[PDB]
Number of protein chains: 2
Amino acid sequence: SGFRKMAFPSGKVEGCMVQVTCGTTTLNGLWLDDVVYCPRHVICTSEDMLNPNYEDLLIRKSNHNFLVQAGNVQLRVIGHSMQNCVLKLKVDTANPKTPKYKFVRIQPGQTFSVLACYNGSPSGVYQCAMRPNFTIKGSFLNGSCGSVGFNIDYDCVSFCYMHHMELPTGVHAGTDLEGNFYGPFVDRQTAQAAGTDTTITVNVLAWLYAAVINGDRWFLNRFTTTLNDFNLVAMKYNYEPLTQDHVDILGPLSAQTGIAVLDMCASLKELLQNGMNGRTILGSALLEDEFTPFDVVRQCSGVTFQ
Amino acid sequence: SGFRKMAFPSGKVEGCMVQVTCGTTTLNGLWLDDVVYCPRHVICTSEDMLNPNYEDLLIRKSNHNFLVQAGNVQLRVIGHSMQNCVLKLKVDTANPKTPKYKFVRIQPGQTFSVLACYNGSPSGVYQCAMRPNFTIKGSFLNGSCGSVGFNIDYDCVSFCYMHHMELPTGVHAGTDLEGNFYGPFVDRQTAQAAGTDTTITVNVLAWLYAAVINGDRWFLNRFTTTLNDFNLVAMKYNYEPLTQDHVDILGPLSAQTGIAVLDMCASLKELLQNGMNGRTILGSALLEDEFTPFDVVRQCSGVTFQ
Ligand SMILES: *C(=N)[C@H](C[C@@H]1CCNC1=O)NC(=O)[C@@H]1[C@@H]2[C@H](CN1C(=O)[C@@H](NC(=O)C(F)(F)F)C(C)(C)C)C2(C)C
Ligand SMILES: *C(=N)[C@H](C[C@@H]1CCNC1=O)NC(=O)[C@@H]1[C@@H]2[C@H](CN1C(=O)[C@@H](NC(=O)C(F)(F)F)C(C)(C)C)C2(C)C
């Protein structure tokens, strides 16, 4: 019993974190094989960040202008390249601690762990979801850029995010490990709108199934609904539309509890239309949308990694 | 900006996890130097756990009856000892991955990270607090016993908890690394009461200061209070009494925000007496008590570890 926001063990990623300095700007880098990946704004001064021309700024930088430090030991930079919004520094030493890894571009609604770092050193780990508006609700201060988001499948680390900036609503923006931003964000210090933040409906339903498995089922009502009638209600509350693909993904949890997805949709509708009346679900007074159906199955089954 | 429940990076602890089997029971062990620490109920069958006499049960066990596995390699057990509710297995190999460590017995209200494990392998990491009633609100399934709680001060791991059992209210119980239970719990499968769960007042105040630092300050009112008048209200809501020691611990946060602790107490009083009226604080619809004043300072300052 019990249900908590759980991050993946971070040991494999800790061994990949390095500190990257260019001039007076220092941030975090990810050292995998003989390449160090970092946000390209490491080459910017505070002034440059207002309206940077990254191509012109980078042209005045040579290999020796990038200091890469792993603990107390300096890595020698033998090449550099800009790939979208990430800078790749080729070093003369392959990271001996490189785990089995892949680079992935996740979809909105999917979750991942973040190892927040400062000056190349680990500070902490937490679980995030890519919001439907391509922002994340993290905790990042100045110097946290370069910190990465990842998932782990047994012994393989799938890197999916690199932190770049904070938007005016307090939420965060970043890229995949090919340097392409999630969302319409740009790496420039200018006013940027995130857009309406919608609730990840399939995740809320997954979390309601987690509540049932844990014995918390006061919210289960005597009604059922249809996909179209549920979506008419969901769209009023800025909930993402539910599709037959989401219904299928919920299949294991539906079969475990004996509760049809459309019956759970009717209980969700009543929670949206009536609130929780001072009550809680899994110790929460709000409907939680940062647990995917996979996260629920994993935590309820005790899936382990190498 | 942003405020999340953050766990310590788990790499140093991952390198210490082993699998311990005795007969048909398998659980997690912690391998530090040439000793493996694990819950003594590893020697029990399902039947034994109803009313065990650990001393008689252990007397029928020899070194060769304990299989200790680190990954795929078997460790040789050359000695065994029962210390309160933990079993210590002396092995012939010192763990090469042993970090700098200490064993500590934490106080109620203090927080720590848990690396939940199954069969000696890491599953995930989350942050917990030792409740005033000496229970934790974790997420543990059968086989998670032996998983540990720890804090990290730069490069030193302070182990403070080892998981043993789940109480009927869904909360968990365990020991320090000397095998002494936190609370009045015993390692026997019998009805056990946790006692009233009170709110960690100094932690709620710390989290209110975190909200202010992050720009979330709708709740700040025009009132102040006294320690005795606040405590008369707090005790009605099952809040722990606030002392001058707690006021002093809040000092850095009080000085950073310019908000006196007694002024913050008056705003807390109004939140307890009026609720939050459908509003949230740091994305939460309840008053959060699992962030100590130290956790707030650390997350707001970006403290890092080796
Ligand atoms: C990199 N270490 C920081 C991390 C920021 C600092 C506060 N919390 C974070 O996540 N990244 C930046 O400073 C980036 C950087 C220039 C400006 N910047 C911002 O995050 C700014 N944001 C924006 O201008 C906005 F709103 F468009 F997102 C800031 C105002 C400082 C929060 C570049 C190159 C994008
Ligand atoms: C060890 N792997 C498990 C972990 C439990 C299983 C469910 N979630 C957990 O945290 N520990 C146990 O099975 C311990 C073990 C015997 C009984 N037990 C319990 O946790 C039981 N609890 C109690 O009897 C109670 F209420 F007193 F706490 C159980 C009913 C199985 C939840 C021993 C030796 C204490």
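Below, read A as the first sequence line, B as the second, and so on, with proteins coming before strands; counting in each chain starts at 1. What you see below is based on every heavy atom in this structure, not just the backbone, and it leaves out hydrogens, waters and symmetry mates.
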**Prompt:** Roughly how far, to the nearest 0.5 Å, is CZ of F150(A) from CG of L30(A)?
**Reply:** 10.5 Å
**Message:** Within this structure, what is the SG-CG distance for the pair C145(A) and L27(A), rounded to the nearest 0.5 Å?
**Reply:** 6.5 Å
**Message:** Let's test your reading of the structure: which of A116(A), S139(A), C117(A), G275(A) forms the most heavy-atom pairs below 4.5 Å with chain B?
**Reply:** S139(A)
**Fill in**
If you tally heavy-atom pairs under 4.5 Å between each of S123(A), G2(A), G11(A) and chain B, the highest tally belongs to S123(A)
**Request:** Evaluate the ring planes of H163(B) and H172(B), with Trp represented by its six-membered ring, and classify them as parallel (under 30°), tilted (30 to 60°) or perpendicular (over 60°).
**Result:** perpendicular
**Request:** Output the residues of residues 298-306 of chain A for which the shortest heavy-atom distance to chain B is under 4.5 Å, in residue-number order; output 'none' if no such residue exists.
**Result:** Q299(A), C300(A), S301(A), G302(A), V303(A), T304(A), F305(A), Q306(A)
**Fill in**
Value for OG (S10(A)) from CD (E14(A)), rounded to nearest 0.5 Å, stands at 3.5 Å
**Request:** Tell me, out of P122(A), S121(A), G120(A), who's got the most heavy-atom pairs with chain B below 4.5 Å.
**Result:** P122(A)
**Item:** Charged N-O contact under 4.0 Å between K100(A) and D153(A)
**Value:** no
**Item:** Salt-bridge present (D155(A), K12(A); N to O < 4.0 Å)
**Value:** no
**Prompt:** Side-chain contact, heavy-atom cut-off 4.5 Å: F219(A) with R279(A)?
**Reply:** no
